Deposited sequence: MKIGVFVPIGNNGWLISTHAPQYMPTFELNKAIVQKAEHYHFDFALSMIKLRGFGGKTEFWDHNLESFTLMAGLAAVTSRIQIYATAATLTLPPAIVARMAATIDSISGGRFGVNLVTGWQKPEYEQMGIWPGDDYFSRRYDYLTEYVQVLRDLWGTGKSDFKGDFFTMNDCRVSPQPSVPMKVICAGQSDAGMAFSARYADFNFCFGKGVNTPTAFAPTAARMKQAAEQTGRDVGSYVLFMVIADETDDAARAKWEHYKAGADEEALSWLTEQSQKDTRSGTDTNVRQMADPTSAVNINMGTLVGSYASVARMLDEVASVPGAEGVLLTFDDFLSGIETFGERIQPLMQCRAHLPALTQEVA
């Protein structure tokens, strides 16, 4: 099973709590995170993009770096881990993304990939008046499809003449071309989404579900595996969890309750037994060995190729995972 880290590109990571570690997303923090991750043989790092926050006492995700520049910087200070940036396709022309990815390919030596995102919240895009109306809700995938087609032309051959409803290319050039085949990623959960993933993505990101119910996401992995049958393409699931670990189950449970107790509820309304303190993320709470066991249970779901991990505390989380969780995991004995 592959393991990656979901790097905090917004403040306070994935906890909306006054009891959660409070920190700003800085390059040097992310640098320290990816370098630790690389040290413990994590396979990849991924940064979302978030163009607007949810306010509140903690000002959750009001401070957010830009993904392609953050990963170009992380690329220049790592050597082995895989680096994925997220392009919000409404805000960047495909030809630019294409060139940006060639560029981070050059920095990283073939370690870069791109995570293509529709955009879901209207506020992110209306705020800068580029949201294309409510037609987009059920037509993003038609848009995304033309988009990916321009990228493939440019990475593939270095030119594109694509003519569709949304883009017009007239001998568009982009060289150099990526030194390796350019990995693309998607995180659609809908039928459209999976359909897209199966055609063009190299793996699909889905959400873990429940506290301490590791294999609860299995349906969606099964659905993603079904959608992949329809294109004959090997397109695995990579599931997002928050790990809250400790030396014992009681200890870890105590951290978890502590976080949920300090919920920033003003910030939680703007968004609107799992807790919304991590946006109802799938969470594994327990001792190092409890958590190792549950991840072993994740590696055994059909479709599951890897997990994408957040922590309550990234620097110690990545360390405890490296030192105490990983080496008890069957699925990581290589």
{"property": "Chain regions without C-alpha coordinates, deposited sequence numbering", "result": "273 to 292, 355 to 363"}
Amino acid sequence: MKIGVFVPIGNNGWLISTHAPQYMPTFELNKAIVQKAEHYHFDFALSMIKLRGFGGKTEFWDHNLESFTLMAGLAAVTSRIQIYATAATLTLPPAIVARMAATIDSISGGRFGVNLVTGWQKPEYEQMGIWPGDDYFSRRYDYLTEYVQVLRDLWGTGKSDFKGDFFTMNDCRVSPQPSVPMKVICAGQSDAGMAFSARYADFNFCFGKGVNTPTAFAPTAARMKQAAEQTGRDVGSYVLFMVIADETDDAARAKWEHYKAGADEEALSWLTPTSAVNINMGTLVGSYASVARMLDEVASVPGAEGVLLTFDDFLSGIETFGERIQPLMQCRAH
From here on, numbers count along this sequence of modelled residues.
{"item": "Mean C-alpha temperature factor, higher of 312 to 320 and 12 to 20", "value": "12 to 20"}
{"item": "Per the entry, higher mean C-alpha B factor between 76 to 84 and 241 to 249", "value": "241 to 249"}
{"item": "Among 155, 166, 196, 203 - the residue whose C-alpha B-factor is largest in the record", "value": "166"}
{"item": "Largest Cα B-factor, entry values, listed residues 71, 221, 151, 130", "value": "130"}
{"item": "Residue 137 - which third its CA temperature factor falls in, relative to the rest of the chain", "value": "highest"}
{"item": "Where the record places residue 143 (Cα B-factor, split into thirds across the chain)", "value": "middle"}
{"item": "For residue 217, the third of its chain into which the C-alpha B factor falls", "value": "middle"}
{"item": "Chain thirds of CA B-factor: placement of residue 7", "value": "lowest"}
{"item": "Third assignment of residue 115 from its chain's C-alpha B-factors", "value": "lowest"}
